[PDB]
Amino acid sequence: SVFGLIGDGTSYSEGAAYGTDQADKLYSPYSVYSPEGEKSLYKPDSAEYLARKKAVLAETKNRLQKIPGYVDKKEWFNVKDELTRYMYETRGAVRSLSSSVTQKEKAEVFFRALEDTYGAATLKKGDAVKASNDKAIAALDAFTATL
Amino acid sequence: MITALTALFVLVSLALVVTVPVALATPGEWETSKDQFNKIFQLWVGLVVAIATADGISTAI
Amino acid sequence: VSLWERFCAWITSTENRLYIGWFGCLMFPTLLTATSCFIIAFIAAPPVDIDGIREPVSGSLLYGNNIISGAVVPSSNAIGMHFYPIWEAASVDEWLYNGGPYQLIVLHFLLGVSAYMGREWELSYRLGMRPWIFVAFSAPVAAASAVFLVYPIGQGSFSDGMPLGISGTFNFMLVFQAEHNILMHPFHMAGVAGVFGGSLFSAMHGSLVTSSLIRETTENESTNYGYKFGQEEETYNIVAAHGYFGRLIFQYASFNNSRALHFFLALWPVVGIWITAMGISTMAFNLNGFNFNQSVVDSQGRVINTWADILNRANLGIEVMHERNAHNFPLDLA
Amino acid sequence: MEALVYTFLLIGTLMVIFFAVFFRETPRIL
Amino acid sequence: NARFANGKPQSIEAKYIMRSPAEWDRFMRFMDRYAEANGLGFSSXXXXXXX
Amino acid sequence: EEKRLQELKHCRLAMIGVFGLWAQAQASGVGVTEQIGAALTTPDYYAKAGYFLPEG
Amino acid sequence: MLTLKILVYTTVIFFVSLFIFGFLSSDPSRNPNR
Amino acid sequence: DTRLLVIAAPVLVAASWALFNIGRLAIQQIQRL
Amino acid sequence: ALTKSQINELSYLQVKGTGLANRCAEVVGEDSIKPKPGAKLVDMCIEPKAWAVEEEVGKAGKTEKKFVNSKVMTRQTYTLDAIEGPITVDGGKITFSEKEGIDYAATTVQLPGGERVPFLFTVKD
Amino acid sequence: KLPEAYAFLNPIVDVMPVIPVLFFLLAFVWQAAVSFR
Ligand code: CLA
Ligand SMILES: CC(=O)O[C@H]1CC(C)(C)C(=C=C/C(C)=C/C=C/C(C)=C/C=C/C=C(C)/C=C/C=C(\C)C(=O)C[C@@]23O[C@]2(C)C[C@@H](O)CC3(C)C)[C@](C)(O)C1
Ligand SMILES: CC1=C(C#C/C(C)=C/C=C/C(C)=C/C=C/C=C(C)/C=C/C=C(C)\C=C\[C@@]23O[C@]2(C)C[C@@H](O)CC3(C)C)C(C)(C)C[C@H](O)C1
Ligand code: OEX
Ligand SMILES: [Fe+2]
């Protein structure tokens with residue numbers, strides 16, 4: 001007096017079957033090995049998240065001004081820390097905000113000049129930190145204007 | 001066109017995975033049938049090349 | 001004949017009472033400094049904080065412990081993984097406070113027992129016998145090194161190693177039940193099937209040989225004197241033991257070969273204890289046994305409980321209690 | 001005063017093992 | 001020391017005149033058997049059975 | 001005959017050596033002891049500070 | 001406590017150097033065949 | 001219809017059938033296995 | 001233990017292990033500062049270089065109280081750092097008025113005789 | 001997800017890791033064919 005819910009995988013499914021697209025019912029996931037739909041609705045990525053991205057580049061320049069103040073008072077850890085602490089957001093900003101090939105090239109020049117500061121901060125060479133910073137900030141102030 | 005070419009590519013490789021070691025482990029049937037497997041081995045790599053162009057062109061279209 | 005000729009002939013001399021060999025150049029001075037520190041630390045060691053919470057734990061006999069409750073503690077949590085010899089303390093007062101003599105005994109147990117493996121081989125090469133006895137001794141070395149090294153390595157500190165004492169090992173087993181659930185680990189299930197079946201077959205093979213013994217003694221003498229040392233005749237009947245044991249279960253199973261049989265005696269404990277020693281030491285790296293909590297669910301959605309849930313209700317009881325003030329944060333990651 | 005009894009028995013077993021290794025009844029081939 | 005990250009770890013020249021002389025002085029005993037004797041390859045499965 | 005061979009083998013070996021030394025003196029403006037004696041140093045920005053632990 | 005660091009390191013590289021020059025001492029020849 | 005599961009199991013079958021017949025074929029062939 | 005200037009010239013990785021991190025910095029020179037209403041002290045490093053515990057002592061015929069020089073069982077976890085508090089002058093004399101920082105160091109110091117004396121080395125309030 | 005051309009062959013890709021186990025199974029099949037010489 002049962003006929004328990006047999007649910008072969010092709011048959012009916014309430015809560016326990018993993019039929020990978022059956023109980024999703026034309027919502028059509030990304031792949032069959034994932035529950036979510038692909039990317040079509042409810043987040044336009046071109047909407048106003050660009051306040052936050054431009055705010056990264058705004059406070060990027062301010063921390064980069066802090067660097068030659070901490071080379072004179074020879075504090076090599078502060079040069080390596082302030083180049084990571086807030087600056088972590090800059091790669092996720094600049095790469096996500098660069099669109100054309102010209103902006104990608106002015107990204108590439110900015111990142112090499114940013115990495116030569118941290119290398120020269122590791123090597124503890126004060127004149128190479130200040131020189132690469134001038135190469136850095138001028139590559140930022142170029143890239144901000146290319147928008 | 002890529003999906004049909006790799007469908008033929010799997011079905012040729014089924015015959016290769018089966019019939020080649022059966023013809024290798026036979027002490028007679030290799031030296032006679034080697035020119036039948038040469039034709040299919042040359043066809044097989046010549047299908048890899050014709051499927052690598054297909055992804056190569058039809059990504060950067 | 002050089003001075004080094006009269007030396008290597010003496011080290012590898014088989015005529016010595018105890019073989020020294022070239023692993024014994026490691027084994028003897030490493031195990032003698034592990035026994036000697038153990039006898040001194042089990043008797044006279046001052047108390048140690050395992051948890052690095054500055055609450056010292058009394059391990060020695062002279063400070064009011066039994067043989068069972070006494071132990072040699074592990075090192076301090078504050079030390080962690082750091083190699084902490086005598087000379088990196090500022091005083092032996094401080095070396096013995098932080099759990100220094102754990103690392104002195106453990107690192108010399110595991111060099112000396114590894115060198116006890118090679119010496120079991122090196123002599124088996126010197127006496128011309130087939131050289132694989134030390135591979136059977138690999139299973140306790142696997143087991144000891146997983147418990148004293150690899151589980152400290154995986155968990156980050158030597159304070160997680162098993163302490164050297166009878167009530168101390170019981171603390172090690174319970175805490176490792178809670179976070180880790182070793183009972184629901186099949187790599188642990190395999191070696192308890194190597195210890196049950198190990199002592200199963202030792203009782204079997206002992207009882208089939210001593211049943212089928214050939215008549216030499218009298219009623220008034222031990223039956224062990226029917227075997228003189230170094231005989232040439234077999235001291236028992238293989239055909240009567242096999243004919244007994246074949247009717248006990250099966251003809252085709254319970255096989256003939258007395259030489260293939262002792263391999264099966266050599267395999268089944270040693271293969272079992274290899275598996276638990278990899279069972280402890282994968283869970284050193286926090287890959288726990290089976291978690292079947294809240295798996296059985298009815299139509300409505302409510303958790304129906306299993307025997308796994310009262311099992312993991314034990315683990316909650318040991319989880320909330322172990323090292324109860326060393327925790328400041330909700331999850332037990334460390 | 002029971003730590004005397006503990007160390008007497010532990011060293012007691014260590015003595016018995018020393019006589020059991022070095023003063024054993026040797027087996028002979030004869 | 002104690003995670004000073006030393007090479008074969010060691011913090012003084014005094015232990016350099018312990019590593020090298022205790023290797024060497026148990027090495028020169030090894031030399032006293034095996035000095036002035038070379039060559040003589042054998043081409044067998046681990047014979048090396050010269051004396 | 002050994003010596004003429006040993007002279008010649010070092011003749012062939014030293015010519016590549018002078019080309020090495022002449023090229024390293026251009027690639028860096030320092031001598032050999034300021035290169036090999038610089039690559040054995042734990043350079044100052046990597047080397048640890050020292051030993052400041054007290055004896056008490 | 002440097003003197004203990006010397007003496008322990010005397011005796012470690014002592015017994016280890018025995019081990020090194022034991023198997024370099026034609027240990028394959030230490031054999032009940034030849 | 002989950003055509004994935006209806007494709008995933010025959011490709012289990014067609015793989016397990018394939019190399020095993022290289023057993024069976026070279027035994028009906030009888031040649032030097 | 002040198003000045004705060006060239007402690008700051010070291011990266012973290014090359015202090016890491018040296019035992020420098022307990023060491024208070026040093027000062028060179030004699031000068032005046034004349035604090036202002038609104039200043040404070042910021043990096044208050046406080047390291048004890050010797051401990052001493054009251055006891056009953058034996059000497060020539062008589063027993064009394066004094067302090068033994070005693071040794072620490074905690075390795076290096078004994079100094080205070082980065083303590084700050086607003087400095088004030090009211091009656092011409094300068095007051096400190098501690099507020100924050102690492103203001104305790106849970107040490108334990110073993111007496112000659114085997115006895116362990118744990119305490120908190122505090123600057124609290 | 002595979003590239004959109006190759007997304008048809010997803011269950012054939014889904015078996016492909018298992019196959020190196022199944023060679024080791026023939027090594028006992030092939031002995032049973034040869035009847036364990
Ligand atoms: C029916 C119950 C039962 C049974 C039979 C077992 C059985 C086993 N458990 Mg166990 N366990 C159980 C319940 C059970 N468990 C429960 C309920 C818990 C949770 C509390 C655990 C928690 C647990 C842990 C935490 C561990 C085990 C381990 C083991 C294995 C023992 C390994 C061992 O000691 O030999 C191996 C032998 C040695 C370790 C000794 C090495 C000997 C060295 C080489 C030489 C020693 C020489 C000595 C110093 C001097 C010689 C004397 C001379 C002077 C005369 C074995 C498979 C251990 C394991 O898996 O193996 C690592 C382990 O770590 N179990
Ligand atoms: C009567 C009279 O005439 O008296 C004579 C007669 C007679 C017979 C002539 C004699 C002689 C001859 C003498 C004295 C001969 C001296 C010969 C001498 C001095 C021969 C040096 C060779 C050096 C070489 C090959 C070095 C290669 C070195 C090479 C190739 C390198 O790799 C170098 C270097 O740069 C690399 C490139 C990279 C660097 O980073 C570091 C290094 C270091 C590694 C006598 C008996 O003595 C005196
Ligand atoms: C030391 C010193 C100084 C000096 C000096 C002096 C005088 C230095 C002199 C250096 C000198 C005299 C350096 C010769 C090199 C010959 C070379 C390198 C190579 C031949 C190289 C090769 C590769 C051979 C090639 C061929 O194999 C090839 C390619 C084809 C084959 O068919 C034939 C052969 C085998 C031929 C200064 C300048 C005063 C500065 C300082 O203050 C003090
Ligand atoms: O020490 Mn022994 O018990 Ca292995 O978790 Mn983490 O650490 Mn401690 O806590 Mn929980
Ligand atoms: Fe037997």
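All Cβ positions, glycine included, derive from the backbone under ideal geometry; neighbour counts span all protein chains shown. Read the figures in this text as sums done on the coordinates, not as results from a lab.
Descriptive notes on the structure:
- Annotation for chain B: chymotrypsin sites (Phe, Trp or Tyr not before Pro) lying in DSSP loop with at most 13 further Cβ atoms inside 10 Å of their Cβ are B:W30.
- Scanning residues 5 or more positions from A:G37 or on other chains, those with amide H under 5 Å from its amide H are A:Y30, with H placed 1.01 Å from N in the peptide plane.
- As an equivalent ellipsoid, chain C spans semi-axes of 42, 34, 18 angstrom, where each value is the square root of five times an eigenvalue of the C-alpha gyration tensor, largest first.
- Couplings 3J(HN,Hα) for the range G:17-34, derived from phi with the Karplus relation 6.51 cos²θ - 1.76 cosθ + 1.60 (θ = phi - 60°), are 6, 4, 4, 5, 8, x, 8, 7, 8, 6, 4, x, 6, 7, 7, x, 10, 6 Hz, where x marks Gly and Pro.
- Between 0 and 90 degrees, the angle of helix A:126-145 with respect to the longest Cα principal axis of chain A falls at about 60 degrees.
- Qualifying trypsin sites (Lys or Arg not before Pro) in the range I:46-97, where qualification requires a DSSP coil assignment and no more than 12 other C-beta atoms within 10 Å, comprise I:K49, I:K59, I:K62, I:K93.
- Equivalent ellipsoid, chain E (semi-axes from 5 times Cα gyration tensor eigenvalues, Å): 37, 16, 7
- Nearest 10 degrees, 0 to 90: helix B:34-57 Cα axis against chain B principal axis: 10 degrees
- Based on Cα contacts under 8 Å between residues 6+ apart, chain I shows a relative contact order of 21 percent.
- Only helical runs count toward this figure. For chain C, summing -39,500 (n - 2.57) over DSSP H runs of n ≥ 4 and dividing by all residues gives -16000 deg cm²/dmol at 222 nm.
- Qualifying GluC sites (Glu not before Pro) for chain F [loop in DSSP, other Cβ within 10 Å: at most 14]: F:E1, F:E34, F:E55
- Long-range HN-HN contacts of I:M44 with modeled amide H, under 5 Å: I:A82, I:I83
- Shielding of I:3-13 by partner chains, average beta-carbon count, 10 Å: 4
- Helices that extend 20 Å or more along their long axis by alpha-carbon positions and average at least 0.0 on the Kyte-Doolittle scale are, among the DSSP H runs of chain C, C:21-44, C:100-126, C:186-209, C:258-282.
- Cα-Cα P(r), the range I:16-125, percent of pairs per 5 Å interval: 2, 9, 15, 16, 15, 14, 11, 9, 6, 3, 1, 0
- The alpha-carbon positions of the range C:241-298 define a convex hull whose volume is 142 Å³ per residue.
- Mean partner shielding of peptide A:123-132, defined as the number of other chain Cβ atoms within 10 Å of each residue Cβ, is 1.
- Rounded tilt (10° steps) of A:50-65 against the dominant C-alpha axis of chain A: 30 degrees
- Range in chain C, longest, excluding exposed trypsin sites (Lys or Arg not before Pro) [loop by DSSP; at most 16 other beta-carbon atoms within 10 Å]: C:18-214
- For the range A:14-105, the C-alpha radius of gyration divided by 2.2 N^0.38 Å, with N the number of residues, is 1.80.
- Label sites at B:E29 and C:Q294, each approximated as a point 7 angstrom past Cα along Cα to Cβ, lie 6.0 nm apart.
- Computed label-point distance, nm, for sites F:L21 and I:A52 using a 7 Å Cα→Cβ extension: 6.6 nm
- Over the range A:80-147, relative contact order from alpha-carbon pairs under 8 Å, at least 6 apart, %: 33 percent
- Scalar couplings 3J(HN,Hα) for the range I:77-94, obtained by applying the Karplus form with A = 6.51, B = -1.76, C = 1.60 to θ = phi - 60°, are 9, 10, 10, 10, 8, 6, 7, 9, x, x, 7, 9, 10, 10, x, x, 9, 8 Hz; x denotes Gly and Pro.
- Per residue, the convex hull around the alpha carbon atoms of the range A:59-147 comes to 74 Å³.
- Rounded to the nearest 20 debye, the dipole magnitude of the protein assembly as shown is 1460 debye, with +1 charges on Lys and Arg beta carbons, -1 on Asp and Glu beta carbons, and the Cα centre as origin.
- In this structure, D:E2 and C:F170 have a Cβ-Cβ separation that, at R0 = 25 Å, corresponds to a calculated FRET efficiency of about 0.70.
- Put a dot 7 Å past the Cα of A:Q65, heading toward its Cβ, do the same for C:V320, and the two dots end up 5.6 nm apart.
- Angstrom value of the Kirkwood radius, inverse mean 1/r, which spans all Cα pairs in chain F: 15.1 Å
- Considering helices alone, the calculated mean residue ellipticity of chain E at 222 nm is -9000 deg cm²/dmol, with DSSP H runs of length four and up weighted by -39500 (n - 2.57) and normalised per residue.
- If you take the alpha carbon atoms of the range C:183-334 and fit the smallest convex hull around them, that volume is 245 Å³ per residue.
- Rounded FRET efficiency, nearest 0.05, which uses the C-beta distance separating E:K8 from C:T223 and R0 of 60 Å: 0.50
- Computed over chain F, the per-residue total of -39500 (n - 2.57) for DSSP H runs of n ≥ 4 gives a 222 nm mean residue ellipticity of -16500 deg cm²/dmol, rounded to 500.
- Hydrodynamic radius (Kirkwood) for the protein assembly as shown, which is based on Cα pairs only, to one decimal in Å: 37.8 Å
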